[PDB]
K.L.:
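Below is one structure. I have some questions about it.
One-based numbering, in listed order, for ligands and for the atoms of each. Only this structure's heavy atoms are used, side chains among them; waters, hydrogens and symmetry mates stay out. The first residue in the sequence is number 1, and the count goes up from there.
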Amino acid sequence: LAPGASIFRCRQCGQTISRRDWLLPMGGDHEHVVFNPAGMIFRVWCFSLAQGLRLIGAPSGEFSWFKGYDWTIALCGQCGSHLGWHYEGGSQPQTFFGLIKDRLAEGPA
Ligand SMILES: O=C1CC[C@@H](Oc2ccccc2)C(=O)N1
Ligand SMILES: [Zn+2]
């Protein structure tokens with residue numbers, strides 16, 4: 001009854017992005033802490049599915065945090081906030097989203 005932790009929205013604008021139900025335990029955990037080559041740390045949650053994003057450019061394998069996957073930058077389709085990455089080109093699953101947990105807001109359906 002009345003769950004308050006069902007939907008993830010863009011923290012900056014409220015755009016609908018994903019659901020707790022769609023969390024994906026990649027390598028046995030949904031949470032992955034990673035750094036980019038600029039040394040920025042991200043707490044990434046893996047989702048099987050997401051919506052309301054805009055995927056920018058073509059995939060790159062360069063410095064992929066997930067073995068066998070190529071990444072594309074995922075912006076909030078509404079406000080342009082960088083919310084994470086779409087991963088593709090791999091196996092089991094072929095694709096998923098790695099979203100930056102602190103750039104989302106969790107709340108009711
Ligand atoms: O899996 C990923 C996705 C983002 C990616 O960041 C950059 C990669 C190359 C150059 C600049 C940033 C990364 O390090 N790993
Ligand atoms: Zn947004």
Side-chain angles (χ1 to χ4, degrees), residues 2-42 44-61 63-66 68-109:
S6 48
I7 289 184
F8 294 99
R9 293 185 175 285
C10 179
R11 176 179 176 180
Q12 302 310 133
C13 76
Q15 175 87 304
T16 312
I17 302 297
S18 199
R19 311 196 55 109
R20 178 156 287 271
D21 283 345
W22 297 347
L23 277 169
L24 170 64
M26 283 292 291
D29 207 322
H30 70 255
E31 185 171 77
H32 295 260
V33 185
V34 295
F35 312 88
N36 75 7
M40 303 176 60
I41 192 180
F42 305 93
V44 173
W45 283 10
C46 300
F47 292 90
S48 293
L49 183 56
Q51 63 187 118
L53 298 159
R54 196 165 60 85
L55 306 183
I56 299 308
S60 174
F63 297 131
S64 181
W65 296 311
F66 301 98
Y69 299 94
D70 311 304
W71 55 263
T72 80
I73 292 165
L75 305 183
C76 180
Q78 180 163 86
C79 79
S81 174
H82 177 205
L83 292 190
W85 305 268
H86 187 240
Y87 288 92
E88 64 190 280
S91 311
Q92 203 169 32
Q94 291 179 307
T95 71
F96 70 94
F97 295 86
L99 301 181
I100 305 157
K101 174 252 224 248
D102 51 301
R103 298 188 189 185
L104 304 171
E106 186 168 15

K.L.:
Answer yes or no: are there more than 12 heavy-atom neighbours, outside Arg54 itself, under 6.0 Å from its atom CZ?
P.N.:
no
K.L.:
With respect to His86, which candidate in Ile56, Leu55, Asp70 satisfies the side-chain contact (heavy atoms from CB on, under 4.5 Å) definition?
P.N.:
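Result: among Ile56, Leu55, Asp70, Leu55 is the only option passing the side-chain contact (heavy atoms from CB on, under 4.5 Å) with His86.
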K.L.:
Roughly how far, to the nearest 0.5 Å, is CG of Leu75 from NE2 of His82?
P.N.:
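Rounded to the nearest 0.5 Å, the NE2-CG separation comes to 6.5 Å.
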K.L.:
Have a look at the Zn ion (ligand 2) and estimate, to 10 degrees, the angle subtended by SG (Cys76) and SG (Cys13).
P.N.:
100°
K.L.:
Which atoms of ligand 1 have any heavy atom of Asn36 under 4.0 Å away?
P.N.:
6 (O), 14 (O)
K.L.:
In terms of heavy-atom contacts, does CD of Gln51 have more than 12 from other residues, nucleotides or ligands at under 6.0 Å?
P.N.:
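Yes.
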K.L.:
With the Zn ion (ligand 2) at the apex, how many degrees lie between SG of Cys10 and SG of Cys79, rounded to 10 degrees?
P.N.:
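It is 110°, given to the nearest 10°.
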K.L.:
Measure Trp71 to ligand 1 on non-hydrogen atoms and call it side chain, backbone, both or neither using the 4.0 Å cut-off.
P.N.:
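Answer for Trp71: side chain.
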K.L.:
For the side-chain contact (heavy atoms from CB on, under 4.5 Å) test, which of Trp65, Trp45, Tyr69, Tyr87 pairs with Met26?
P.N.:
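Filter result, single survivor: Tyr69.
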K.L.:
Between atom CD1 of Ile100 and atom CZ of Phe42, what is the distance when rounded to the nearest 0.5 Å?
P.N.:
5.0 Å
K.L.:
I want to confirm something. Looking only at heavy atoms, which of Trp85, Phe66, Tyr69, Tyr87 is nearest to atom 1 (O) of ligand 1?
P.N.:
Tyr87
K.L.:
Pull out every atom of ligand 1 sitting under 4.0 Å from any heavy atom of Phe63, numbered as shown with elements.
P.N.:
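Reading through ligand 1 atom by atom, the close ones are 1 (O), 2 (C), 9 (C), 13 (C), 14 (O), 15 (N).
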K.L.:
Taking only heavy atoms of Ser64 into account, list the atoms of ligand 1 that are under 4.0 Å away from them.
P.N.:
1 (O)
K.L.:
Indicate yes or no: does an N/O atom of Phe35 lie under 3.5 Å from an N/O atom of ligand 1?
P.N.:
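For ligand 1, there is no N or O atom that lies under 3.5 Å from one belonging to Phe35.
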